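Working notes, beginning with the structure itself.
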Amino acid sequence: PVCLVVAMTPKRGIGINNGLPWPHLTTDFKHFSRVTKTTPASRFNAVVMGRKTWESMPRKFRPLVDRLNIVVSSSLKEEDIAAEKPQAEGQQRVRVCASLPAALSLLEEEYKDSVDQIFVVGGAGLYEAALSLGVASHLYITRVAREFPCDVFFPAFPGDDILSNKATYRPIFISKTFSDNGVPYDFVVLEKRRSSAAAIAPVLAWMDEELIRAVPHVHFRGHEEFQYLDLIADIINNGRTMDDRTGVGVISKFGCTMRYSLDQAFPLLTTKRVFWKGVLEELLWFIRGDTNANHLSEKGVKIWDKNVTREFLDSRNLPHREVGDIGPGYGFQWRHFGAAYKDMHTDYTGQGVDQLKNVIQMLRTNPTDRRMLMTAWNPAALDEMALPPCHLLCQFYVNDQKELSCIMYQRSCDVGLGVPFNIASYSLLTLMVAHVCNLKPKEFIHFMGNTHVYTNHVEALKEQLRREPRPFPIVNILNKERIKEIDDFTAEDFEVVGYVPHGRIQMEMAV
Amino acid sequence: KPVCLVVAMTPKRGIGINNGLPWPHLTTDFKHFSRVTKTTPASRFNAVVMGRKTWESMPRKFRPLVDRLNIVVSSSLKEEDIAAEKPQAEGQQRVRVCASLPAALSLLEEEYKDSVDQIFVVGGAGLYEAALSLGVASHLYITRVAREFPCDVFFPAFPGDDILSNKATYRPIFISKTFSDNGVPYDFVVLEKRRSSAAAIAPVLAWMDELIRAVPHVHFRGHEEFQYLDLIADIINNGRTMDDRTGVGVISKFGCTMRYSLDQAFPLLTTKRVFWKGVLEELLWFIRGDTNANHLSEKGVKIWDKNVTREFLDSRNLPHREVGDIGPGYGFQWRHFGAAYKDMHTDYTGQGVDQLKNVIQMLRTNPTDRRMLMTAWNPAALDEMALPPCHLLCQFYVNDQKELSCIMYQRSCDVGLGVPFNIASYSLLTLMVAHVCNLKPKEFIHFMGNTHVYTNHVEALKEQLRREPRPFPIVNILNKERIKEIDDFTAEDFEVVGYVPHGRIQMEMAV
Ligand SMILES: NC(=O)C1=CN([C@@H]2O[C@H](COP(=O)(O)OP(=O)(O)OC[C@H]3O[C@@H](n4cnc5c(N)ncnc54)[C@H](OP(=O)(O)O)[C@@H]3O)[C@@H](O)[C@H]2O)C=CC1
Ligand SMILES: NC(=O)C1=CN([C@@H]2O[C@H](COP(=O)(O)OP(=O)(O)OC[C@H]3O[C@@H](n4cnc5c(N)ncnc54)[C@H](OP(=O)(O)O)[C@@H]3O)[C@@H](O)[C@H]2O)C=CC1
Ligand SMILES: C#CCN(Cc1ccc2[nH]c(N)nc(=O)c2c1)c1ccc(C(=O)N[C@@H](CCC(=O)O)C(=O)O)cc1
Ligand SMILES: C#CCN(Cc1ccc2[nH]c(N)nc(=O)c2c1)c1ccc(C(=O)N[C@@H](CCC(=O)O)C(=O)O)cc1
Ligand SMILES: COc1ncc(-c2cccc(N3CCN(c4cnc(N)nc4N)CC3)c2)cn1
Ligand SMILES: COc1ncc(-c2cccc(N3CCN(c4cnc(N)nc4N)CC3)c2)cn1
Ligand SMILES: O=c1ccn([C@H]2C[C@H](O)[C@@H](COP(=O)(O)O)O2)c(=O)[nH]1
Ligand SMILES: O=c1ccn([C@H]2C[C@H](O)[C@@H](COP(=O)(O)O)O2)c(=O)[nH]1
């Protein structure tokens with residue numbers, strides 16, 4: 001019973017010019033070091049590698065300490081490796097075998113009592129040979145989210161859908177997303193599947209007296225998206241069937257919380273492609289305090305059209321609104337809170353309270369202040385809006401390390417559709433704000449009120465929950481030097497790096 | 001050889017009156033009792049042991065207790081006094097009569113080994129006194145009845161009776177949430193005498209894996225107050241030390257949640273006494289839309305005075321504010337959002353948005369509406385306020401079964417002093433609104449922004465955490481018929497039933 005341990009691009013690339021295709025991945029190496037060494041007393045592990053893999057290592061690190069180094073090679077001799085560097089005392093001498101079947105036979109003969117776990121470390125020669133013989137019980141895969149130029153590739157295998165879109169291998173473990181040198185990645189493991197408390201118990205047994213899960217197989221679920229998935233599953237399992245303003249039935253839960261890290265990667269959800277062009281163009285729209293939805297619509301972003309139609313504005317009891325007008329909406333309250341609205345064309349400069357500018361000036365001069373809030377809810381002008389704000393409130397926070405976090409409260413949540421859009425939108429705002437203030441982005445926290453999935457979306461969401469997440473992408477702000485204030489961002493100032501989602505899921509917007 | 005004791009108990013240790021139970025029928029208790037005495041892991045059954053009067057107090061259809069070996073301790077009653085009392089059913093075990101508890105335990109070993117699984121002393125005072133003296137009691141199953149009743153028979157005093165009320169040891173290993181039957185709150189505690197299948201997943205868990213705990217013995221944590229206790233513990237252990245607008249050192253955290261049930265009992269926290277006279281007077285102050293802190297100050301609630309002083313009013317740059325005037329405070333926006341403020345004496349009826357009216361109306365008519373929100377935060381009006389509202393927003397949610405839930409978001413949370421007050425203050429509003437809208441109260445959800453403990457409380461809080469919580473009380477609304485609007489309520493229309501909190505800890509208010 002052997003295990004494979006690899007780092008791998010989406011297109012299964014592993015090496016180039018007999019070296020790693022990426023810049024050094026410190027957290028990947030630490031993870032490698034730990035897996036290959038650790039043991040529950042008397043036994044050391046074994047690291048089986050090829051010649052090209054052995055050679056590609058730095059001289060400093062070979063032989064890999066505390067582990068039986070076995071090199072599969074015909075051309076290299078057992079003494080050339082011995083003459084390469086003097087051996088340090090306390091380690092088994094590096095062993096050379098003809099092929100991989102012969103390599104494991106060596107452990108059967110001479111090391112039957114000493115070795116605990118067996119690890120094949122590279123490369124494509126030994127990996128291919130390992131999967132051929134099928135003696136691999138487990139695969140420890142580091143999924144590099146970014147694509148890199150490669151000439152050596154890891155062989156494709158049943159259930160390699162965990163890398164990109166297309167005896168079996170099922171994921172049992174998915175870690176949260178890590179990053180090094182602007183390279184996002186995460187760790188997965190895959191399985192070859194094909195009376196101190198006796199007194200308490202009966203009190204618990206009677207105490208209960210009273211269906212769907214996200215990716216059942218995956219038992220350790222480090223990935224942060226699991227929040228959102230388990231949140232879908234929960235409302236499908238434990239929510240309440242409700243009616244609606246829209247006329248479409250709803251399953252709703254009240255009081256819901258999600259939080260996502262910003263320090264390593266960006267929570268652009270992977271289980272379905274997120275319309276990022278939308279979250280970007282809409283956020284810049286908000287920041288401008290723009291209330292004209294045509295400016296969005298023309299850019300290819302049609303998210304607001306149905307709620308600013310001639311038909312909808314009349315039902316929303318505003319016959320004197322122009323098509324495209326969202327009223328004094330999200331962005332208007334941010335940049336001009338309380339100001340007298342006229343139309344989308346009127347210039348509202350200097351009028352009202354610019355919450356966004358004050359939130360920054362507070363962050364930049366006095367970050368411990370507890371009044372760093374931006375609201376979109378104005379009970380005075382709710383009726384003048386074409387549709388009341390969902391994401392209505394957000395608070396900011398700085399710690400010791402000059403790291404920035406952001407809470408956002410949402411009154412009403414279309415989990416299937418709006419939520420992943422909302423996560424990504426505000427997390428982006430945190431990145432923007434953090435940069436302008438000279439702070440590290442840390443964490444984004446999502447507070448939810450009415451949290452609901454629409455009944456017509458339910459079939460599509462079970463489809464989404466069969467999908468195990470991919471590593472998060474990195475969002476980079478570009479022209480970091482050129483942008484100094486929050487209004488200096490443009491659409492081209494951003495870069496989504498290594499975003500490899502699952503295929504598009506179609507979901508109708510509830511009018 | 002070891003025995004378990006199973007009792008229900010008044011805070012004053014009372015167990016009986018007039019050879020019967022002191023309280024009305026508690027179904028959930030009798031359920032607990034039935035299951036705990038009966039449930040057994042094959043060829044095996046449980047023994048129940050009682051006094052003569054316990055046997056007599058018990059209704060005829062229930063004695064002897066089915067599926068359990070009954071033993072009555074008596075010297076007047078004989079074994080044939082009981083056999084003639086009711087024909088024995090086929091299969092059941094005969095009731096045995098011993099003259100003392102040592103004889104009872106002796107009989108159990110002498111004749112009933114290999115026969116009886118577990119031994120339960122069931123009552124009354126005499127046998128509970130006897131069992132505690134012998135030191136044979138391994139576990140105490142206490143049903144803490146929170147309400148004080150007329151009692152002539154009492155459970156004996158024991159080391160560890162600090163779980164009942166204020167003052168070889170008996171410490172809690174289990175505390176459940178508060179239940180209620182017939183206007184009576186209660187909860188269940190258990191006390192203890194002290195004086196590569198999945199292992200291939202575990203190596204990656206090694207490196208990823210890594211001080212103050214409250215009531216650490218309590219292995220089961222049903223009691224919803226544990227949420228708050230652990231929230232204090234987390235802030236201290238895992239928080240970051242910030243400086244403060246007041247100057248006093250702060251340990252703080254961002255984005256933490258709590259939720260409390262309102263269908264069984266009231267989350268008026270028990271681990272320290274909460275100033276309920278304040279929570280009631282402050283809320284009815286808000287409801288009236290009052291901005292005059294002297295109306296609270298004259299009534300014995302001085303919670304706002306340190307913030308309406310001439311010094312603080314001038315430090316907030318408001319020279320013309322009279323002493324007492326909070327400016328457009330929380331009460332003000334609730335009923336007059338956007339109204340132009342003058343002083344506390346000016347009459348504002350009709351001006352601004354009456355959010356509270358709109359909330360109740362939307363509730364009583366269109367409960368599936370998601371715009372059912374109230375907000376104290378008014379960016380344009382913040383400057384004129386003596387203090388920017390801490391609790392700034394609440395949302396209401398109505399269920400399938402006409403069940404009301406409420407979320408409240410609080411930007412800044414004094415976890416030592418303000419948080420339990422706020423839990424109490426909105427749970428009360430939720431009760432009030434529910435009655436006024438003809439709805440069953442279900443849940444209060446607390447969303448928290450800057451969640452912090454002051455450093456001149458750290459010592460005073462570590463002490464509090466040593467205290468395990470008592471059952472929650474019931475808050476009843478008196479004069480239900482007379483009250484039909486939210487303004488109809490007065491301080492007298494309420495009654496806190498079964499409140500048994502721990503001693504007061506002195507915590508100064510930060511100005
Ligand atoms: N991403 C990752 O996790 C890792 C990537 N790498 C990368 O992989 C590349 C090196 O791997 P690769 O190019 O595939 O070369 P290999 O590491 O597979 O080694 C090739 C040589 O080893 C011998 N060999 C290998 N497999 C067998 C076998 N089954 N039977 C007999 N002999 C065998 C052969 O010798 P002969 O010709 O004499 O038969 C062959 O020439 C480098 O670019 C390196 O950076 C390396 C380690 C980890
Ligand atoms: N809430 C609860 O958990 C429970 C409450 N109760 C309440 O308690 C009351 C009955 O209990 P209580 O009044 O204490 O009476 P008991 O049930 O303790 O029975 C009293 C009789 O039992 C015998 N006896 C008990 N202990 C001893 C001893 N150590 N040595 C010798 N004889 C003993 C004596 O019988 P004799 O005189 O024949 O020798 C005595 O007269 C009822 O009102 C009942 O409702 C009862 C059980 C549980
Ligand atoms: C949230 C928000 C902003 N908005 C505004 C907006 C307004 C009313 C709404 N009403 C309802 N019922 N659900 C919504 O998601 C919604 C969203 C959006 C509107 C539509 C889409 C939409 O049709 N979905 C995108 C997919 C984007 C994604 O991956 O999330 C699409 O493919 O068209 C997204 C966002
Ligand atoms: C929250 C809030 C509203 N308020 C108003 C108010 C105003 C300024 C504040 N400032 C600070 N820093 N913390 C607060 O909790 C606080 C509270 C209160 C203020 C004080 C007390 C107080 O002194 N404690 C109570 C004891 C209550 C308990 O034990 O929990 C007392 O006995 O007076 C209570 C409520
Ligand atoms: C950029 O500098 C650099 N870059 C690389 C090295 C290095 C030094 C020793 C050895 C190696 N490898 C050994 C094996 N590997 C591996 C990494 N992660 C996983 N999950 N599986 C692997 N099988 C990477 C290749 C790499 C030194 N220096
Ligand atoms: C008024 O109706 C009513 N009222 C009372 C009864 C009743 C029926 C069986 C038995 C009894 N006991 C009195 C209460 N006991 C008890 C209850 N909880 C705990 N935790 N420990 C106990 N020792 C034991 C025995 C009471 C029936 N009917
Ligand atoms: O950012 C958004 C915008 C809209 N919605 C969804 C949720 C609601 O179902 C609907 C708005 O309608 P009301 O909540 O106003 O009824 O749009 C979101 O989830 N997020
Ligand atoms: O109802 C209240 C009133 C006050 N505070 C506390 C929290 C903060 O510690 C302090 C307000 O300080 P600023 O957030 O305004 O700085 O008062 C509450 O938690 N709840």
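Convention: chains lettered A, B, ... in structure tokens order; per-chain residue numbering from 1; ligands numbered from 1 as shown.
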
message = Excluding residue 371 in chain B and its own-chain neighbours fewer than 6 positions away, which residues fall within 12 Å of it when counting only C-alpha atoms? Please give them as a PyMOL selection string.
response = (chain A and resi 244-245+377-379+382-383+387-392+410-413+449-450) or (chain B and resi 355+358-363+394-398)

Let's have the selection written as an mmCIF file, in the first residue's frame, with C-alpha atoms.
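Written file, result.cif:
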data_model
loop_
_atom_site.group_PDB
_atom_site.id
_atom_site.type_symbol
_atom_site.label_atom_id
_atom_site.label_comp_id
_atom_site.auth_asym_id
_atom_site.auth_seq_id
_atom_site.Cartn_x
_atom_site.Cartn_y
_atom_site.Cartn_z
ATOM 1 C CA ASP A 244 -43.348 35.879 -1.503
ATOM 2 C CA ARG A 245 -43.701 39.345 -3.002
ATOM 3 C CA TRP A 377 -30.838 51.889 4.457
ATOM 4 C CA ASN A 378 -32.605 55.255 4.474
ATOM 5 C CA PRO A 379 -36.199 54.848 5.820
ATOM 6 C CA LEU A 382 -37.220 53.715 0.760
ATOM 7 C CA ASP A 383 -40.289 54.297 -1.415
ATOM 8 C CA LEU A 387 -36.034 48.161 -4.868
ATOM 9 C CA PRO A 388 -34.904 48.410 -1.193
ATOM 10 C CA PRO A 389 -31.245 47.488 -0.486
ATOM 11 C CA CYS A 390 -30.477 43.870 0.449
ATOM 12 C CA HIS A 391 -26.899 44.416 1.540
ATOM 13 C CA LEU A 392 -27.763 47.451 3.627
ATOM 14 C CA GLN A 410 -27.899 41.607 4.357
ATOM 15 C CA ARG A 411 -31.646 41.586 5.124
ATOM 16 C CA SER A 412 -32.663 39.217 2.334
ATOM 17 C CA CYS A 413 -30.568 36.560 0.639
ATOM 18 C CA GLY A 449 -31.312 38.021 7.689
ATOM 19 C CA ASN A 450 -33.895 36.257 5.549
ATOM 20 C CA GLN B 355 -40.275 52.711 11.665
ATOM 21 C CA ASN B 358 -44.384 50.366 9.888
ATOM 22 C CA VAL B 359 -42.801 47.236 11.370
ATOM 23 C CA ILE B 360 -45.870 46.186 13.363
ATOM 24 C CA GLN B 361 -48.260 46.972 10.489
ATOM 25 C CA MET B 362 -46.224 44.983 7.951
ATOM 26 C CA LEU B 363 -46.158 42.166 10.525
ATOM 27 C CA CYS B 394 -33.188 45.081 14.066
ATOM 28 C CA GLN B 395 -34.974 42.851 11.558
ATOM 29 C CA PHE B 396 -38.118 40.823 12.138
ATOM 30 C CA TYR B 397 -39.022 37.517 10.592
ATOM 31 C CA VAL B 398 -42.218 35.538 10.600
#

Within 6 Å of ligand 1: each chain A residue with its shortest pair, only C-alpha atoms and all ligand atoms, as JSON lines:
{"residue": "A:6", "atom": "CA", "partner": "ligand 1", "partner_atom_place_in_ligand_line": "3 (O)", "distance": 3.4}
{"residue": "A:7", "atom": "CA", "partner": "ligand 1", "partner_atom_place_in_ligand_line": "3 (O)", "distance": 3.7}
{"residue": "A:8", "atom": "CA", "partner": "ligand 1", "partner_atom_place_in_ligand_line": "1 (N)", "distance": 5.4}
{"residue": "A:14", "atom": "CA", "partner": "ligand 1", "partner_atom_place_in_ligand_line": "1 (N)", "distance": 3.9}
{"residue": "A:15", "atom": "CA", "partner": "ligand 1", "partner_atom_place_in_ligand_line": "43 (O)", "distance": 3.5}
{"residue": "A:16", "atom": "CA", "partner": "ligand 1", "partner_atom_place_in_ligand_line": "43 (O)", "distance": 4.6}
{"residue": "A:17", "atom": "CA", "partner": "ligand 1", "partner_atom_place_in_ligand_line": "43 (O)", "distance": 5.7}
{"residue": "A:18", "atom": "CA", "partner": "ligand 1", "partner_atom_place_in_ligand_line": "43 (O)", "distance": 3.3}
{"residue": "A:19", "atom": "CA", "partner": "ligand 1", "partner_atom_place_in_ligand_line": "45 (O)", "distance": 3.3}
{"residue": "A:20", "atom": "CA", "partner": "ligand 1", "partner_atom_place_in_ligand_line": "45 (O)", "distance": 4.1}
{"residue": "A:50", "atom": "CA", "partner": "ligand 1", "partner_atom_place_in_ligand_line": "19 (O)", "distance": 3.7}
{"residue": "A:51", "atom": "CA", "partner": "ligand 1", "partner_atom_place_in_ligand_line": "22 (O)", "distance": 4.1}
{"residue": "A:52", "atom": "CA", "partner": "ligand 1", "partner_atom_place_in_ligand_line": "19 (O)", "distance": 4.2}
{"residue": "A:53", "atom": "CA", "partner": "ligand 1", "partner_atom_place_in_ligand_line": "17 (O)", "distance": 3.9}
{"residue": "A:72", "atom": "CA", "partner": "ligand 1", "partner_atom_place_in_ligand_line": "24 (N)", "distance": 5.2}
{"residue": "A:73", "atom": "CA", "partner": "ligand 1", "partner_atom_place_in_ligand_line": "23 (C)", "distance": 4.4}
{"residue": "A:74", "atom": "CA", "partner": "ligand 1", "partner_atom_place_in_ligand_line": "38 (O)", "distance": 3.9}
{"residue": "A:75", "atom": "CA", "partner": "ligand 1", "partner_atom_place_in_ligand_line": "38 (O)", "distance": 4.7}
{"residue": "A:98", "atom": "CA", "partner": "ligand 1", "partner_atom_place_in_ligand_line": "31 (C)", "distance": 5.6}
{"residue": "A:99", "atom": "CA", "partner": "ligand 1", "partner_atom_place_in_ligand_line": "30 (N)", "distance": 3.5}
{"residue": "A:100", "atom": "CA", "partner": "ligand 1", "partner_atom_place_in_ligand_line": "29 (N)", "distance": 4.8}
{"residue": "A:121", "atom": "CA", "partner": "ligand 1", "partner_atom_place_in_ligand_line": "48 (C)", "distance": 5.6}
{"residue": "A:122", "atom": "CA", "partner": "ligand 1", "partner_atom_place_in_ligand_line": "47 (C)", "distance": 4.4}
{"residue": "A:123", "atom": "CA", "partner": "ligand 1", "partner_atom_place_in_ligand_line": "17 (O)", "distance": 3.3}
{"residue": "A:124", "atom": "CA", "partner": "ligand 1", "partner_atom_place_in_ligand_line": "14 (O)", "distance": 3.5}
{"residue": "A:125", "atom": "CA", "partner": "ligand 1", "partner_atom_place_in_ligand_line": "18 (O)", "distance": 3.4}
{"residue": "A:126", "atom": "CA", "partner": "ligand 1", "partner_atom_place_in_ligand_line": "26 (N)", "distance": 4.0}
{"residue": "A:129", "atom": "CA", "partner": "ligand 1", "partner_atom_place_in_ligand_line": "29 (N)", "distance": 4.9}
{"residue": "A:152", "atom": "CA", "partner": "ligand 1", "partner_atom_place_in_ligand_line": "13 (O)", "distance": 5.6}

Take the residues that were just selected and, keeping N, CA, C and O atoms, output them as an mmCIF file, in the first residue's frame.
data_model
loop_
_atom_site.group_PDB
_atom_site.id
_atom_site.type_symbol
_atom_site.label_atom_id
_atom_site.label_comp_id
_atom_site.auth_asym_id
_atom_site.auth_seq_id
_atom_site.Cartn_x
_atom_site.Cartn_y
_atom_site.Cartn_z
ATOM 1 N N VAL A 6 2.003 14.930 -4.726
ATOM 2 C CA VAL A 6 2.300 15.773 -5.879
ATOM 3 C C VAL A 6 1.802 17.205 -5.710
ATOM 4 O O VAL A 6 0.865 17.469 -4.953
ATOM 5 N N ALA A 7 2.455 18.120 -6.421
ATOM 6 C CA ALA A 7 1.932 19.458 -6.672
ATOM 7 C C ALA A 7 1.631 19.567 -8.175
ATOM 8 O O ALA A 7 2.416 19.098 -9.004
ATOM 9 N N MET A 8 0.499 20.177 -8.524
ATOM 10 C CA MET A 8 -0.080 19.997 -9.858
ATOM 11 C C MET A 8 -0.889 21.195 -10.366
ATOM 12 O O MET A 8 -1.805 21.664 -9.686
ATOM 13 N N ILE A 14 3.531 19.378 -14.013
ATOM 14 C CA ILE A 14 4.287 19.160 -12.769
ATOM 15 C C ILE A 14 5.734 19.666 -12.793
ATOM 16 O O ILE A 14 6.285 20.021 -11.748
ATOM 17 N N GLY A 15 6.341 19.696 -13.977
ATOM 18 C CA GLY A 15 7.734 20.108 -14.115
ATOM 19 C C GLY A 15 8.079 20.695 -15.469
ATOM 20 O O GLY A 15 7.360 20.483 -16.450
ATOM 21 N N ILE A 16 9.180 21.445 -15.507
ATOM 22 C CA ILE A 16 9.745 21.983 -16.751
ATOM 23 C C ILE A 16 11.257 22.184 -16.605
ATOM 24 O O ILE A 16 11.733 22.573 -15.536
ATOM 25 N N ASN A 17 11.999 21.897 -17.676
ATOM 26 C CA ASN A 17 13.466 21.975 -17.676
ATOM 27 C C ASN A 17 14.093 21.317 -16.445
ATOM 28 O O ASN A 17 15.051 21.837 -15.862
ATOM 29 N N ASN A 18 13.538 20.165 -16.072
ATOM 30 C CA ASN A 18 13.888 19.453 -14.840
ATOM 31 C C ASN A 18 13.928 20.365 -13.607
ATOM 32 O O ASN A 18 14.910 20.399 -12.859
ATOM 33 N N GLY A 19 12.842 21.108 -13.422
ATOM 34 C CA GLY A 19 12.668 22.003 -12.283
ATOM 35 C C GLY A 19 11.197 22.318 -12.099
ATOM 36 O O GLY A 19 10.367 21.959 -12.941
ATOM 37 N N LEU A 20 10.869 22.985 -10.998
ATOM 38 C CA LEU A 20 9.484 23.336 -10.714
ATOM 39 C C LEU A 20 9.019 24.510 -11.578
ATOM 40 O O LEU A 20 9.738 25.505 -11.714
ATOM 41 N N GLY A 50 12.473 9.242 -8.806
ATOM 42 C CA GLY A 50 13.208 8.927 -10.031
ATOM 43 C C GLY A 50 14.583 9.567 -10.025
ATOM 44 O O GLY A 50 14.916 10.323 -9.108
ATOM 45 N N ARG A 51 15.386 9.262 -11.043
ATOM 46 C CA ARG A 51 16.704 9.882 -11.195
ATOM 47 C C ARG A 51 16.567 11.381 -11.429
ATOM 48 O O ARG A 51 17.162 12.184 -10.705
ATOM 49 N N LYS A 52 15.775 11.743 -12.440
ATOM 50 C CA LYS A 52 15.556 13.142 -12.806
ATOM 51 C C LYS A 52 15.027 13.967 -11.636
ATOM 52 O O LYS A 52 15.394 15.133 -11.481
ATOM 53 N N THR A 53 14.178 13.349 -10.814
ATOM 54 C CA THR A 53 13.659 13.977 -9.598
ATOM 55 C C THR A 53 14.760 14.133 -8.545
ATOM 56 O O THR A 53 14.916 15.213 -7.968
ATOM 57 N N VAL A 72 14.791 5.322 -8.224
ATOM 58 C CA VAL A 72 14.606 4.360 -9.302
ATOM 59 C C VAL A 72 15.408 4.826 -10.517
ATOM 60 O O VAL A 72 15.129 5.878 -11.098
ATOM 61 N N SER A 73 16.421 4.036 -10.873
ATOM 62 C CA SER A 73 17.368 4.392 -11.927
ATOM 63 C C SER A 73 18.123 3.176 -12.455
ATOM 64 O O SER A 73 18.410 2.235 -11.710
ATOM 65 N N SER A 74 18.442 3.211 -13.747
ATOM 66 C CA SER A 74 19.315 2.217 -14.365
ATOM 67 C C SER A 74 20.742 2.749 -14.503
ATOM 68 O O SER A 74 21.703 2.027 -14.235
ATOM 69 N N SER A 75 20.870 4.014 -14.906
ATOM 70 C CA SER A 75 22.174 4.606 -15.227
ATOM 71 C C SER A 75 23.015 5.007 -14.009
ATOM 72 O O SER A 75 24.234 4.817 -14.009
ATOM 73 N N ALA A 98 15.961 -0.993 -10.107
ATOM 74 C CA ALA A 98 15.750 -1.073 -11.555
ATOM 75 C C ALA A 98 14.463 -0.368 -11.989
ATOM 76 O O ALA A 98 14.511 0.625 -12.721
ATOM 77 N N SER A 99 13.324 -0.884 -11.533
ATOM 78 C CA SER A 99 12.026 -0.264 -11.786
ATOM 79 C C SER A 99 11.206 -0.180 -10.496
ATOM 80 O O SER A 99 11.657 -0.621 -9.435
ATOM 81 N N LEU A 100 10.008 0.395 -10.594
ATOM 82 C CA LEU A 100 9.136 0.585 -9.433
ATOM 83 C C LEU A 100 8.615 -0.720 -8.800
ATOM 84 O O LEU A 100 8.535 -0.808 -7.572
ATOM 85 N N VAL A 121 7.373 10.200 -4.775
ATOM 86 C CA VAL A 121 7.568 11.648 -4.767
ATOM 87 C C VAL A 121 7.739 12.260 -6.168
ATOM 88 O O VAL A 121 7.597 13.474 -6.346
ATOM 89 N N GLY A 122 8.018 11.417 -7.160
ATOM 90 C CA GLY A 122 8.170 11.873 -8.542
ATOM 91 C C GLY A 122 9.153 11.031 -9.334
ATOM 92 O O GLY A 122 9.915 10.267 -8.748
ATOM 93 N N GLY A 123 9.154 11.155 -10.664
ATOM 94 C CA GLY A 123 8.254 12.046 -11.403
ATOM 95 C C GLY A 123 7.295 11.274 -12.290
ATOM 96 O O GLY A 123 6.859 10.178 -11.926
ATOM 97 N N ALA A 124 6.977 11.842 -13.456
ATOM 98 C CA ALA A 124 5.983 11.273 -14.381
ATOM 99 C C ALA A 124 6.215 9.801 -14.715
ATOM 100 O O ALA A 124 5.267 9.074 -15.011
ATOM 101 N N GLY A 125 7.478 9.378 -14.673
ATOM 102 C CA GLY A 125 7.845 7.980 -14.886
ATOM 103 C C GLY A 125 7.329 7.068 -13.787
ATOM 104 O O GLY A 125 6.699 6.045 -14.066
ATOM 105 N N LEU A 126 7.592 7.449 -12.539
ATOM 106 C CA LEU A 126 7.160 6.665 -11.382
ATOM 107 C C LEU A 126 5.679 6.831 -11.055
ATOM 108 O O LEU A 126 5.042 5.888 -10.584
ATOM 109 N N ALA A 129 3.836 4.707 -13.597
ATOM 110 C CA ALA A 129 4.071 3.314 -13.220
ATOM 111 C C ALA A 129 3.302 2.905 -11.964
ATOM 112 O O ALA A 129 2.880 1.753 -11.842
ATOM 113 N N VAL A 152 6.723 18.157 -18.412
ATOM 114 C CA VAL A 152 6.474 16.887 -17.730
ATOM 115 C C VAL A 152 5.101 16.971 -17.061
ATOM 116 O O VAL A 152 4.795 17.961 -16.395
#

message = Report as a list in words all protein, DNA and RNA residues lying within 12 Å of residue 495 in chain B, evaluated on only C-alpha atoms, omitting residues in the same chain fewer than 4 positions from it.
response = residues 183, 266, 276, 277, 280, 428, 473, 474, 475, 476, 477, 478, 479, 490, 491 and 499 of chain B

ask   = If you count only C-alpha atoms and all ligand atoms, which residues end up within 9 Å of ligand 6, as a PyMOL selection string?
value = chain B and resi 5-9+15-16+20-21+23-26+29-34+50+54-55+57-63+65+121-124+141-144+188

key: Backbone DSSP call of strand (DSSP E or B) for range 204-350 of chain A, listed as a PyMOL selection string   = chain A and resi 220-221+240-242+250-261+292+325+337

inquiry  = For a quick check of understanding, using only C-alpha atoms and all ligand atoms, which of B:348, B:324, B:470, B:306 has the smallest distance to ligand 8?
reply    = B:306

query = Which is closer to residue 238 in chain B than all the others in B:334, B:452, B:389, B:112, using only C-alpha atoms?
reply =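 Checking each candidate against residue 238 in chain B, we get B:452 as the closest.
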
query = Using the chain letters and numbers from this document, which residues of range 284-393 of chain B does DSSP assign to helix (DSSP H, G or I), as a PyMOL selection string?
reply = chain B and resi 284-287+294-297+305-307+310-315+330-336+355-365+379-384
